[PDB]
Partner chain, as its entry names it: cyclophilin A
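Shown next as structure tokens: one chain only, the form deposited without the partner chain.
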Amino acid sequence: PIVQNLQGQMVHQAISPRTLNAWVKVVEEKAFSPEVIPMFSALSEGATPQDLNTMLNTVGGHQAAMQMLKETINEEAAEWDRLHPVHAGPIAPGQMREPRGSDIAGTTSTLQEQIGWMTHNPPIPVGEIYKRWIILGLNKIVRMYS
């Protein structure tokens, strides 16, 4: 995740095993229960898209649920692109890059780009945006249940 350091900088920190252990445990016990959503949120504070994918990729099994989540993420990514259109061609200077849906999901963006966006002024909170998409998906996994 992104955290504040002593000197006021929003700096990148590695996802702790403590967080991942807690996530694995809630998925094992609460994957299809409402409680997975608050726990997901609580365990992904300041998370980059990379962190969120790390969390999701530790999910063993739950194939149908994971496909439902991926469907939702893809729908939101497609929607993002439509609501945030961009022009073709090279960006003028050496520094820039507007986030596309696949960037927010962390498939076509690097961590440094994600940090770049998240720490820009004003922030482009790609971590929070992706988190919303995941939560939308988790709500479908709960709402459709079986």
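Rigid core here is just the name for the largest C-alpha set that superposes within 1.5 Å across the two forms. Positions refer to the first chain, counted from 1.
- Set 74 to 82 against 53 to 61 and average the Cα temperature factors; 53 to 61 ends up higher.
- If you average the C-alpha B-factors over 114 to 122 and over 23 to 31, the higher value belongs to 114 to 122.
- Among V36, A105, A42, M96, the highest C-alpha B-factor recorded in the PDB entry belongs to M96.
- Among the modelled residues of the chain, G46 sits in the middle third by CA temperature factor in this PDB entry.
- Residue-level temperature factors show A92 in the highest third of its chain, judged at the C-alpha atom.
Keep in mind the form solved in complex with the partner chain is missing from the figure; the text below concerns it.
- Mapping the unseen interface onto this chain, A92 counts among the residues with a heavy atom inside 4.5 Å of the partner chain in the entry with it bound.
- Proximity of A78 to the partner chain in the entry with it bound falls outside the 4.5 Å heavy atom cutoff.
- Mapping the unseen interface onto this chain, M68 falls outside it, with no heavy atom inside 4.5 Å of the partner chain in the entry with it bound.
- Using a 4.5 angstroms threshold between heavy atoms, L111 stays clear of the partner chain in the entry with it bound.
- Of the residues checked (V86, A42, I91, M68), the rigid-core alignment between the shown form and the other one shows a Cα shift of at least 2 Å for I91 alone.
- Between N121 and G94, the Cα spacing is smaller in the entry with it bound than in the shown form, differing by no less than 3 Å.
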